[PDB]
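As structure tokens, the structure follows; a few thoughts come after it.
In this analysis, Cβ positions are derived from the backbone assuming ideal geometry, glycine residues included, and neighbour counts consider all displayed protein chains. No lab work stands behind these numbers, since they all come straight from the coordinates.
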Amino acid sequence: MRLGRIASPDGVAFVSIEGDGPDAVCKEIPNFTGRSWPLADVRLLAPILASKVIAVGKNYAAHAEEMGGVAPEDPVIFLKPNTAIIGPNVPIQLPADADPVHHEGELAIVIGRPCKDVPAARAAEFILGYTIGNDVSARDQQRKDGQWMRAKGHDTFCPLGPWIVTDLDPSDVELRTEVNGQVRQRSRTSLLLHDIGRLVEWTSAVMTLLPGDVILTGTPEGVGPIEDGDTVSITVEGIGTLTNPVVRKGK
Amino acid sequence: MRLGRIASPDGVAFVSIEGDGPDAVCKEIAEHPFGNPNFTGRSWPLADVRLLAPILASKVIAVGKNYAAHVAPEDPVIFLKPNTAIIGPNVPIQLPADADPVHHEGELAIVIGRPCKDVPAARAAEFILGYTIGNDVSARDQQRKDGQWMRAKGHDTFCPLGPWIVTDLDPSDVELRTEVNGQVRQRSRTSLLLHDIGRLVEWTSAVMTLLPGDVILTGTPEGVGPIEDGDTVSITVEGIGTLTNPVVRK
Ligand code: NA
Ligand code: NA
């Protein structure tokens, strides 16, 4: 199943998306009501209203073989404000002064139940599903501030979507980022330094996680700049593709 | 005017708090504390209810270094605390078993009153509901280790807020004081802020949209220090009152 939010002519609905052909249907909601919008008629929004967004930075091994092996250091987690969230096909707006601003394609965990102190092995019990995220980052501000929050916290700097997949096996799916059709990031989640359960364990040991909260699981190598007029597309195997145009704000 | 949130026999309510003696009264404000307040006509004695965190912030922004001793300051460094860290007056700060030391950091807190973005420092007060007190509780060992300060300052209960929001306060030059078990740890005045309230609202709203209820912690003076199981921490701001929390180690 794929869960998400859509903008209809009747308004906003939380829907179930079913079908891979453009004869695709969004059915409203789980108890279904009966109203059906084709996917063609409506527009996908960010699939959930997150109270907070937690992200990790360094979380991909370079290659499977190294290592392995020796335990990775503990995760470093941080927050992006939920005001940064935008959905598919919404422009990423670059600050006039921010150079360079980087794309960071990531697999996103969506929490489905309130939780605290969850053991890594039980993480799936509290996970609604998986979607795609982009941890857009003003790299200059990162270096100036030390704290990464401002750099990653601007409005539109957290694209999320296109929908939430509830039955995905996210253990070994391909993640890739394209800029204007050009592949710039490519890895598999089998190379996650801290896997999904470890991240949920680490994060819920720190703070209460609420239904809707998002945990971005990190980005592999290849992070690179995005400029006015670019299109960034992040594809996760078994989920789909999150696409956003890019515009720079005037001075 | 003092605006708070209370737990009453009738549920949770926003209130105007009136009086300082034993017969203080809480006057119910309809739905939220933001516009011109609408009084329902319902009220409770303060003695009959319990003050909660005065606002349900969608987010909490904070700054690190922001008081002069008594050099030109570097630009503000802001970060986030999750709103799941917020607790109200008298609620125990719960220390993680493995965190040492954990420090108190008494601060003046801005509460945003209107949605906004790209606010000029000069006009910040037009967008500010009022001022309350905060404690930016920080696990120092985690802070140093992580580089990023979020985890160190993001544990459940690591953001005491309260006891209420004062709407007609001139915060230009008020005393800020932190006591632990009756001993003064921190004491300074807001006239020593490196980045004043205006500069912080300007800086933060240039980055992100702020919502009514959002909180900006304006930093802490010298004298930060450890808290431990059994301690009581009290932060006082002249013109607001005192935010007090006991401390327990898990
Ligand atoms: Na004001
Ligand atoms: Na602080």
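Between segment B:11-53 and segment B:127-154, the C-alpha centres lie 29 angstrom from each other. Taking the Cα centre of segment B:1-54 as origin and assigning +1 to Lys and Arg Cβ atoms and -1 to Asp and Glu Cβ atoms, the resulting dipole is close to 140 debye.
Work through the residues other than A:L168 whose Cβ is under 12 Å from its Cβ and net out their charges, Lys, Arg +1 and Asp, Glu -1. Taking every other residue near A:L168 into account, the sum is -3.
Taking other Cβ within 10 Å of each residue's Cβ, how do A:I164, B:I55 sort, fewest first? Write out the running numbers ahead of the final one.
Numbers: A:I164 25, B:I55 30.
Arranged by neighbour count, lowest to highest, A:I164, B:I55 become A:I164, B:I55.
Net charge near A:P211, counting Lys/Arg +1 and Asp/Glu -1 over other residues with Cβ under 12 Å of its Cβ? Numbers along the way, then the final one.
On the way: positive: A:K52, A:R113; negative: A:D213.
So the environment of A:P211 carries a net charge of +1.
Look at where the Cα atoms of segment A:176-215 and of segment B:234-250 average out, and the two centres are 37 Å apart.
Using a/c under 1.5 as the rounded threshold, could you call segment B:1-54 rounded, prolate or oblate? The axes a ≥ b ≥ c are square roots of the C-alpha gyration tensor eigenvalues, and prolate needs a/b larger than b/c, oblate otherwise. Intermediate values should be presented prior to the final figure.
Numbers: a/c = 1.60, a/b = 1.33, b/c = 1.20.
It comes out prolate by the Cα gyration axes.
Counting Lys and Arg as +1 and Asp and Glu as -1, what is the net charge of the other residues whose Cβ lies under 12 Å from the Cβ of A:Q93? Can you show the working numbers first?
Numbers: positive: A:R248, A:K249, B:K117; negative: A:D155, A:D228.
My count for the surroundings of A:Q93 gives +1.
Which whole number gives the average, over all residues in B:51-63, of C-beta atoms from other chains lying within 10 Å of the residue C-beta?
On the way: counts 0, 0, 0, 0, 0, 0, 0, 5, 7, 2, 4, 2, 1.
Mean shielding by partner chains, rounded to a whole number: 2.
Exposure proxy check: B:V207, B:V184, B:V49 ranked by fewest other beta carbons within 10 Å?
Values: B:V207 25, B:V184 12, B:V49 21.
Final ranking by Cβ density, sparse to dense: B:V184, B:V49, B:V207.
As a test of the formula, what do you get for chain B when each DSSP H run with n ≥ 4 contributes -39,500 (n - 2.57) and the sum is divided by the residue count, at 222 nm and rounded to the nearest 500 deg cm²/dmol?
That comes out to -2000 deg cm²/dmol.
Modelled this way, with points 7 Å down the Cα-to-C-beta line, the labels at B:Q183 and A:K58 are 3.9 nm from one another.
Exceeding 24 Å between C-alpha atoms, which entries from my cross-link table qualify? They are A:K116/B:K27; B:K59/B:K250; A:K144/B:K145; A:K58/A:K80.
Pairs exceeding the cut-off: A:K116/B:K27; B:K59/B:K250.
Per-residue mean of foreign Cβ neighbours for B:155-168 is 1 (Cβ atoms of other chains, 10 Å radius). Dipole magnitude for chain A: about 700 debye, using +1 per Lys or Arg Cβ and -1 per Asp or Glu Cβ, origin at the Cα centre. If the Kirkwood radius is taken over C-alpha pairs of the protein assembly as shown, then at 10 °C and 1.306 mPa s the Stokes-Einstein diffusion coefficient equals 67 µm²/s.
A dipole drawn for the protein assembly as shown from +1 and -1 charges on Cβ atoms has a positive end, and of B:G130, B:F39, A:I226 the residue lying farthest that way is B:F39. Placing dummy labels 7 Å off each Cα toward the beta-carbon, the span from A:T231 to B:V12 is 4.4 nm. Here the Debye sum runs over all C-alpha atoms of segment A:100-251 as equal scatterers in vacuum, and log10 of I(q)/I(0) at q = 0.13, 0.14, 0.19 Å⁻¹ comes out as -0.60, -0.69, -1.19. Shielding value for A:143-149 is 6, the average number of Cβ atoms from other chains within 10 Å of each residue's Cβ.
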